[PDB]
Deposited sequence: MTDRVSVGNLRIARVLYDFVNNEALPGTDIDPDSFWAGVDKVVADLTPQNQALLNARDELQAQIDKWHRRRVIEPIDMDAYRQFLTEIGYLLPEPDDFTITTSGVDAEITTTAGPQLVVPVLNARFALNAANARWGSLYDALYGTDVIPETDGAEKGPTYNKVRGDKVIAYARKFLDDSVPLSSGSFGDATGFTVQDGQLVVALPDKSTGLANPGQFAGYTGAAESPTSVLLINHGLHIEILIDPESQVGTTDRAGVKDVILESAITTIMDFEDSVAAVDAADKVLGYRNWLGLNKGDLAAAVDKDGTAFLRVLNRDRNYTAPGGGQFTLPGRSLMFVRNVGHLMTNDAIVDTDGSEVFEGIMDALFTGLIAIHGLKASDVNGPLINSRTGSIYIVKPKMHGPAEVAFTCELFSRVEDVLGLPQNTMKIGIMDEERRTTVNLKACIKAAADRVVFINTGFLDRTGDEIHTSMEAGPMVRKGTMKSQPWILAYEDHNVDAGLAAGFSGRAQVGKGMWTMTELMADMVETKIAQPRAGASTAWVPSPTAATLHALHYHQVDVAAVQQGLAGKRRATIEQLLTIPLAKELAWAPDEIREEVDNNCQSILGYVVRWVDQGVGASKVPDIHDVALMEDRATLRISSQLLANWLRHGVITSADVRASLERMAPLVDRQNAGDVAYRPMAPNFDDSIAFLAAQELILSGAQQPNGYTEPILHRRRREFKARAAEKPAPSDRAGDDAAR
């Protein structure tokens, strides 16, 4: 083979060369010290990595048996909780504490705002995200259904004046709500000027200043006829662009061209659930894009530079032009053949991600070429770590980060941790999980998909679960959402680390997003996930309407969730569903699996706008597979459906997916030759082997099937 021997490791050549030629130069790390470190860290930490994965299976086995000997209708919460405590699943709660995490950027410690997540393997998307720090509000309004496409206000080939007028009015209203005038409305502004460091807005009848002049943050152009005005509200900037000669500016009372909002304050470049990466080739593509972003030289479009402004009093200043980047590494489960050992055993992918994304991140802590340093001025590397189960697994990641920092020559705790709360064993020991990482943690967050998937698999043997749609409102998940916020606040996250909530998946349903996603900052989340720059701009509105810092101070000391509520298994009652309801749900789940799987297996796409069964565009990641396949495996497990019901739904849904994909030049149909489609067979396997996958994880099956596809495409 073409691997490179380094101690006990055999490294794929494409990876060894990438690291040597691209990642290493410019960091002042000795190439052979790095590699010796790779070998050493892998040899030392692999056994604990494996022991932790064994511990999961052991606990799950004991819970499986607990339910299997029960036959009793509801649940004795006291005994069940007693049981979890005996087996080491529920650990004791630690005494109160405060996180000590230092060297963290303002975007993370203090600023509340939208957070974007993007597949690192897609260079175009990755760049757009990093550039999404600042976005046009007019574009985000005119382009989506936030301004409804009613009669006369439709989007056509060219600019609708009627529709654009509603866009202007909406933004005017937002300005009045966010940066109020002393009297009058922005809707009647005629001009903007700066006199003696004060913003002066001209109305048809008279002039006026801001109610709170401290919200005036700066400007560009002449004070007496500015090209823009910079405002601030709740730590987030709002820039009014003034140009009477632009398409929209001509039609405007004050000549306003656009309202630019500081939107995606941070971005997560994702190596996990939003990308398909099953070998050395795929990892290198991802690693190379992550390198290009940190060096600032990635080009597909290029990265933006910082924005210059004139301070209210006349001095010059600069604001960041790029989203501050996190990287999401893969979790503890999977191995990857990018490196194998002497026996041919693949190496843990999580361990590899820490070494390589960490190495690569050093470039983002230093001046580019294309220019000042791209990323963390405070000297931190921000790694999101998904899918952990409990405190010992968080401590293991911390210890992994610790060992890498040495190999890298970095000061201890340079590598910060973003703790995802998306597994049940983490949820019910969340405080301990935060404590285990008290000097590294820079966020926690919640979601729906992975967390519900784990919820179902954990109580798989208990009985039939409620429908997927129903899960979103179950008592366990509402308590989980609140408990997460409470735990972070109690550990001093306010002003220190992010408290995040989940993704809006419905990329075309922006009106509903603006209307409903506001619940998240109102619940005290200092950040939440968005699927696009456009969504980031719209979700930014929510941080102007809601003072997250104030909400968090008011939540202080509260415990709004009990361990009982957290532990309330989402079992369906007797006689829950009519036959047609059962079919629709089965169709719904088979459709999401097939629609997502076909693009993953056949094209190596890990995220995209996938039409659901009712043709709504969703932008979900791989966890959609986990929840769906777990729900069907649960229904199949308990007699709700038959294997023939499952077969029929896949057959009924495959042509629909085929149809929703044409569409795509590279697409290969699944119907009517099902057992010839590796993707169709993957979908089938996920459901039918679902109950036997570790904690319901889909990567073992999905990765195998993707490799199979790649091998066939090469012969």
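Not built in the structure, per the record, are deposited positions 1, 302-311, 382, 728-741.
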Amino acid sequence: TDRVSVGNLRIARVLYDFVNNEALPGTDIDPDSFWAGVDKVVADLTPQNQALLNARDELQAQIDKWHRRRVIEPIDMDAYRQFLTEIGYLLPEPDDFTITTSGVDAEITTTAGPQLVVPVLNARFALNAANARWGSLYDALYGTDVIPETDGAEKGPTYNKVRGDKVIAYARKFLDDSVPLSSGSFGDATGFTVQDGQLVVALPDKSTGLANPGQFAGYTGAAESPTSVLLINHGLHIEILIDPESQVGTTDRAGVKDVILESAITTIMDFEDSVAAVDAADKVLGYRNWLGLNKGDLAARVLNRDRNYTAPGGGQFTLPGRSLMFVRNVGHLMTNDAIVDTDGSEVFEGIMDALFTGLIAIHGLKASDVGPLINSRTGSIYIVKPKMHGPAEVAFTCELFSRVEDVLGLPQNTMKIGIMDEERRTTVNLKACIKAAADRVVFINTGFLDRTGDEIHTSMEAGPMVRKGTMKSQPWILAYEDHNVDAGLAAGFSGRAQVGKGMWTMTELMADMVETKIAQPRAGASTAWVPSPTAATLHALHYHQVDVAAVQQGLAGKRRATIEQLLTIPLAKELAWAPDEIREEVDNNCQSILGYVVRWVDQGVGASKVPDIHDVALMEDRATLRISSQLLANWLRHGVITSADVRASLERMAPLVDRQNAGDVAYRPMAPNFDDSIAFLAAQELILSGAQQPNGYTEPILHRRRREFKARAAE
From here on, numbers count along this sequence of modelled residues.
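For the two forms, the rigid core is made up of the largest set of C-alpha atoms that agree within 1.5 Å on superposition.
Between 443-451 and 316-324, greater CA displacement relative to the shown form is found for 443-451 when the structures in 6 other deposited structures of this protein are fitted on the core. Taking the rigid core as the alignment reference, the C-alpha atoms of 361-369 lie farther on average from the displayed form in 6 other deposited structures of this protein than those of the other stretch among 361-369 and 394-402. Compared with other deposited structures of the same protein, residue 664 meets the criterion of being unmodelled in at least one third of those that resolve residues on both sides. In the record comparison, residue 181 is modelled in each of the other entries of this protein that model the residues flanking it, with no third of them omitting it. Averaged over CA atoms, B-factors in the entry run higher in 131-139 than in the other of 131-139 and 325-333.
Stretches 644-652 and 66-74 differ in mean CA B factor, with 66-74 having the higher one.
Ranking 588, 289, 160, 565 by Cα temperature factor from the entry places 160 first. Comparing C-alpha B-factors across 447, 187, 364, 469 in the deposited entry, the largest value falls on 187. In the deposited entry, the Cα temperature factor of residue 41 sits in the bottom third of values across the chain's modelled residues. Ranked against the other modelled residues of its chain, the C-alpha B-factor of residue 47 as given in the entry falls in the middle third. When the CA B factors of the chain's modelled residues are split into thirds, the value for residue 34 lands in the middle one. In the PDB entry, residue 516 places in the highest third of its chain by CA B-factor.
When all modelled residues of the chain are sorted by CA temperature factor, residue 665 is found within the highest third.
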